[PDB]
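Engineer: Residue numbers (our numbering), protein chains in the order written: chain A, 1 to 116; chain B, 117 to 166; chain C, 167 to 343; chain D, 344 to 421; chain E, 422 to 487; chain F, 488 to 623.
Got a structure here, written out as structure tokens. Questions coming.
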Amino acid sequence: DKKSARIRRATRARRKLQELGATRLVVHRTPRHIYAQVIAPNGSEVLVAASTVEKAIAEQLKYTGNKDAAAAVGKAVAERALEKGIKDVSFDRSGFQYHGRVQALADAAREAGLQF
Amino acid sequence: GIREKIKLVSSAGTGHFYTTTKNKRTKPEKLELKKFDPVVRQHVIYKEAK
Amino acid sequence: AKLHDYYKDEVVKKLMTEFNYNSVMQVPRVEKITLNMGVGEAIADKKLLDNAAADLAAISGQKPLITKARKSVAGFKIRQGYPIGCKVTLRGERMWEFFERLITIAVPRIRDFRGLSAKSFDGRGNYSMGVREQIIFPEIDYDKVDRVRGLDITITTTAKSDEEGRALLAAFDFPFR
Amino acid sequence: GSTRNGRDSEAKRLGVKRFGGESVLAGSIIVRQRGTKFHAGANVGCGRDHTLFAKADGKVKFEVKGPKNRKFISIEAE
Amino acid sequence: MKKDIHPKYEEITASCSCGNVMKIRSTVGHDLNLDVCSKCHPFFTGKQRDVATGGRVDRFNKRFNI
Amino acid sequence: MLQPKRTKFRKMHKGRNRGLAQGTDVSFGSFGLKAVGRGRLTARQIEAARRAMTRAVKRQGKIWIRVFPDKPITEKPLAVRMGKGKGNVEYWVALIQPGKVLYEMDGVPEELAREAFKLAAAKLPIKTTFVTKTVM
RNA sequence: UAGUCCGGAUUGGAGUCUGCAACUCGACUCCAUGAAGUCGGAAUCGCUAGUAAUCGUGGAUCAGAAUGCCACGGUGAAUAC
RNA sequence: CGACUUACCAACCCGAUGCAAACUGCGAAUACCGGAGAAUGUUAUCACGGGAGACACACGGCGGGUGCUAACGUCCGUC
RNA sequence: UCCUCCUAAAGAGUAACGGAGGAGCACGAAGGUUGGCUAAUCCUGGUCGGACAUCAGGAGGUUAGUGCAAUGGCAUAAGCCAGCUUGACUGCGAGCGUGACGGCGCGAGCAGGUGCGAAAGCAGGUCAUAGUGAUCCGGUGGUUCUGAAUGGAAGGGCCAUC
RNA sequence: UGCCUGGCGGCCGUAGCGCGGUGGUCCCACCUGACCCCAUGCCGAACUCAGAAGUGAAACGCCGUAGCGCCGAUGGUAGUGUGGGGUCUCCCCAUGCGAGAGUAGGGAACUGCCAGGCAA
RNA sequence: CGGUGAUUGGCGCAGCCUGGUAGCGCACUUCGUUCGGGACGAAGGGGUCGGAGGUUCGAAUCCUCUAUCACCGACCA
């Protein structure tokens, strides 16, 4: 299976990360409309959520689901995370290898000022 | 019984040494471990000796 | 890949009327072709496997992977983690070229050929044939080899029944004894 | 005749030392156990012998979580 | 695919005795001369000389001559 | 002699025979031989009470044996002092609770089964009774 | 210089002769097939002159059926202290 | 080289039936730890200091190992 | 002498010449970090190849594995594979557990110096429980700590260790 | 505010299996090409990149179906704390607790935060 | 009554210790020599380690239980 093999893949980075009570940054790589959101350490509510499925992001991008679209998400998350007074977060791969669009979404957050 | 003991002597100016065991009759090569030296306060590469 | 574009609008279109499918993705497609070579006698000579690995470098298009022993039995004197065979799992672009070279100019090179068995299916639609010579492929120069033992071609498709995968190979005329 | 048994060992004194709501000062061993019969939860650490030691001078509380129902040991903070 | 470990994949031009010139991608080398292809092979005519092989009454009447 | 085959352990504890029985209802046959007294039946006692019972119901018919011993009993030899290990296994007993059906029988009339369970009850150290398969 | 263009058994098909008739149970021919066999252990045989060794022919027996038997010639040694 | 009849033994699931100290998809009563509260009990609770004795136990109930579910037998836990 | 189960009576502990088994090792990778993966046993097909080698597919679910006999535990895997490394480091250590004691065991956190990972983070050994013996005496190296008038040295003391 | 869908949780089989049906303008999956970023102890199958022609086939979500799994009464039974008794290797009485298995039955999950589509 | 050590071709012995092979002297089968036996040379055949049941990928080998085959014991009242 493709979906359930990734859930057990990320569970090591979920159960250990919520044990420390860290405000986590959960990314969800998809070949179209890559997602990213900021989740409170209680696990039941979120604080900042932004991606290319909204009409305020995809109108300035040619294709949603490549590297320069993932750079537009990670910049848009860090501009909204500083408005809530959230500086120190922890990145969550969510079962994706830190090579491509999940790295450019993490590089663009570290350029804007999201300290992790 | 088979696994005899050796002495990892520091290559630095001091004479501090760690002790350990090594099976000679199966893997006869010397150890080149890199542990902390408490006298020099450095991380000097250790060498095998008796 | 001559018969890759022939698959797109002369084989899929043919199979939509034989088993009355309703969607274009319901057609059985072929996934991979795996070339095992069960050398077996590598406990005596290690270079016998290296000569067996050199035969898949000419019959297939890439380097084989040696296969370690899954279990260990004493009836053949093998241990856990010993290379006892070698496989080539070719798929994608080079498999339509290998399937072109196999059924056209390598199956008629079989000595004492009457036809392939039509009952060699595993109840899912995956065909497996077995040949007994290397000289059915033109890439072997006939002087560097010293063993009669050939290989076995396994064609893995995405069918569900034996009749459903039988009509997929039947478009390539697949002589069907 | 003769016998071949008569051999055992120093009983290891395992089990739970501190139960339910019973204030434990940080670093206090709670459960001494063979494997992870009881798993470590909130504020409670797990040692190299699967001794769940407390980590915050508070209470205790056992639970069952996930989809395996493993008694779990947390620490209410008082 | 990887580099430096795989053999050559140069396209060649095969040919049989029936004149069926067909280019393939293989690792033979310079050229290739073949015997038969999927066509012009005795597989659909090979079974023609197999059905009417048996029979002993028609063998007998050739020695009866009338 | 009903004897088990490759038990997990050779010798087990003595154990008490407290509690009630489980095999109360007559399931396989139509007439049962239910026990009333609390005792135990050695492996020779099942086979001896089977010979005196099967012959009275002459071999046509069918007899179910609802008990199996699977419990070893040790016995020290003569002129052997106490201790120095556990004794050697000699025979196999079946722990019989009150209410356990011992034998069942079908294919015979009610008169033939009545005068045959009495012949098997005199081979057993426990007091038994005559029961019949009831509906539900 | 290879079990190889050596060797020919075995076997399948098609035939010829003889004889009343060729399956048990004949001889020969055509095609195909290709085995053991690479000089043979202990031990043992024949021969000293046209001799041994090698090659072919003929006769009896006989409708047909010999590598056997009986005869005829071609080439032709070595050694006997 | 191939196989025809098949009084018989019989693996895994299926339905039913029992057993186990070294089996538990279940599961008590007691017992033990911690917290709150009334009453009672010559602080009956803990720590330190001075002095010991004792370390051969026996029986009865209950849960047992063993012995023969034998012993005013032996070995355990509580009263 | 030590370790595992039961007896052992649902906290711990608990005896017998009671019932079953093991240990006096090993590993520089079989340790640490990061990344990825899920078997056993059957069924069918397929060259030698057969009950069992290797290849493809299905059921099944951890009945497999965990270096080692047993118990508990393991899918976030502690099981398997690959890359990099030596935290198998030094000085401590709040706080408890278990012992009559000698002792043993877990351990958050501080300083220095590193390893892996982008980072959060983990690592002062191995899934845990056996793989071991107190003292005296003597040996090896370092540290002027002492050193019998003074200056050395011998011998003692401390640390690491046989 | 409703219907959907996607991500993150509580709860962990009343929540999981099987059968039948259904979903593509959103979303999701399959797929497309891979010279390049990366990588296969061979294969781009996995991982990774650049795109959107086709499909809802496989996967996933939703609904129905009890054919299994699962939950679970009330009563009864076993067991047992305390005090007595007996034909005392076992059982009963007074009182307190009260199973397991089984039966009637329930049962095709509920819900919190945010984003997108649609109808309002 | 236990305790110690073996039971491998038709005979009895090495092989076990230290797991991946079943071997030796005889005997038997055939040929050779002799008129013929016996003797002697040459070729060849025959067990799969008492049985069961562990351990490992694998057992004659390692452990446990058995059967009868030998030796050692069996006290002092």
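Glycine is no exception: its CB is placed at the ideal position from the N, C-alpha and C atoms.
Residue 346/D CB to nearest chain F CB: under 8 Å?
Structural biologist: By this cut-off, residue 346/D is an interface position.
Engineer: Quick test of the definition: if touching needs 3 or more C-beta pairs under 8 Å, does the stretch 97-104 of chain A touch the stretch 17-34 of chain A?
Structural biologist: Short answer: they touch.
Engineer: List the whole-angstrom C-beta distance separating residue 540/F from residue 589/F, where the pair is believed to meet the contact cut-off of C-beta under 8 Å.
Structural biologist: Contact doesn't hold; Cβ gap of about 10 Å is too wide.
Engineer: Whose Cβ in chain C lies nearer than 8 Å to the Cβ of residue 478/E?
Structural biologist: Correct list: empty, because the minimum Cβ distance to chain C is about 27 Å.
Engineer: What residues from chain C crowd round residue 464/E, counting only those whose CB sits closer than 7 Å?
Structural biologist: In chain order: 281 and 341.
Engineer: So, is residue 75/A buried or exposed, given that buried needs 16 or more other C-beta atoms within 10 angstroms?
Structural biologist: Counting Cβ neighbours within 10 Å, residue 75/A comes out buried, since at least 16 surround it.
Engineer: Measure the alpha-carbon distance for residue 428/E versus residue 377/D and round it to whole angstroms.
Structural biologist: Computed Cα separation, rounded: 56 Å.
Engineer: Can you tell me whether DSSP reads residue 135/B as helix, strand or coil?
Structural biologist: Correct three-state label for residue 135/B: strand.
Engineer: Grab me the residues of residue 53/A's own chain with a C-beta within less than 6 Å of its C-beta, minus the 5 sequence neighbours each way, in chain order.
Structural biologist: Same-chain partners within the cutoff: 33.
Engineer: Reducing DSSP to helix, strand and coil, say where residue 126/B ends up.
Structural biologist: Strand at residue 126/B.
Engineer: Name the residues in the stretch 530-553 of chain F whose C-beta lies less than 8 Å from a C-beta of chain D; which are they?
Structural biologist: Listed by position along the chain: nothing, the set is empty.
Engineer: For the putative contact between residue 530/F and residue 584/F, defined by C-beta atoms under 8 Å, what is the C-beta separation to the nearest angstrom?
Structural biologist: With 8 Å as the limit, residue 530/F and residue 584/F do not qualify as a contact, their Cβ atoms being about 18 Å apart.
Engineer: Is it the case that the Cβ atoms of residue 63/A and residue 69/A are separated by a distance below 8 Å?
Structural biologist: The answer is yes: Cβ separation under 8 Å.
Engineer: Mapping DSSP to helix, strand and coil, what is residue 279/C?
Structural biologist: DSSP places residue 279/C in coil when its eight states are reduced to three.
Engineer: Quick one: what's got a C-beta closer than 7 Å to residue 234/C's C-beta in the same chain, skipping five residues either side?
Structural biologist: Result list for residue 234/C: 247, 248 and 249, in chain order.
Engineer: Looking at chain C, is there any beta carbon in it that lies within less than 8 Å of the beta carbon of residue 446/E?
Structural biologist: For residue 446/E, the answer is yes, since a Cβ of chain C falls inside 8 Å of its Cβ.
Engineer: Would DSSP call residue 264/C helix, strand or coil?
Structural biologist: Three-state DSSP puts residue 264/C in a helix.
Engineer: Taking the straight line between their C-alpha atoms, what separation do you get for residue 81/A and residue 58/A?
Structural biologist: Taking the straight line from one Cα to the other gives about 20 Å.
Engineer: Nearest to residue 220/C by CA position, among 207/C, 323/C and 203/C, is which residue?
Structural biologist: It is 203/C whose Cα lies nearest to the Cα of residue 220/C.
Engineer: With C-beta atoms as the reference, is residue 297/C less than 8 Å away from residue 281/C?
Structural biologist: No, the pair does not count as a contact, with Cβ atoms beyond the cut-off.
Engineer: Looking at the C-beta of residue 506/F, does it have a partner C-beta in chain D at a distance below 8 Å?
Structural biologist: Chain D, which has no Cβ nearer than 8 Å to the Cβ of residue 506/F, makes this no.
Engineer: Under three-state DSSP, which class holds residue 348/D?
Structural biologist: If DSSP states are grouped into helix, strand and coil, residue 348/D belongs with coil.
Engineer: Do the stretch 296-315 of chain C and the stretch 440-458 of chain E meet, that is, are 3 or more Cβ pairs less than 8 Å apart?
Structural biologist: Yes: at least three Cβ pairs fall under 8 Å.
Engineer: With 7 Å as the C-beta to C-beta threshold (strictly closer), list the residues of the stretch 559-578 of chain F near chain D in chain order.
Structural biologist: So the close ones are 571 and 572.
Engineer: Compare the C-beta of residue 439/E against all C-beta atoms of chain C and say whether one is closer than 8 Å.
Structural biologist: Chain C contact via Cβ: absent.
Engineer: Any idea what DSSP makes of residue 240/C, helix, strand or coil?
Structural biologist: DSSP places residue 240/C in coil when its eight states are reduced to three.
Engineer: Within the same chain, show all residues whose beta-carbon is closer than 8 Å to that of residue 387/D, passing over the 5 residues directly before and after it, in chain order.
Structural biologist: Only 373, 395, 396, 397, 398, 416, 417 and 418 meet the Cβ criterion.
Engineer: Between residue 266/C and residue 445/E, how many whole angstroms is the CB-CB distance? I'm expecting something under 8 Å.
Structural biologist: Confirmed, about 7 Å.
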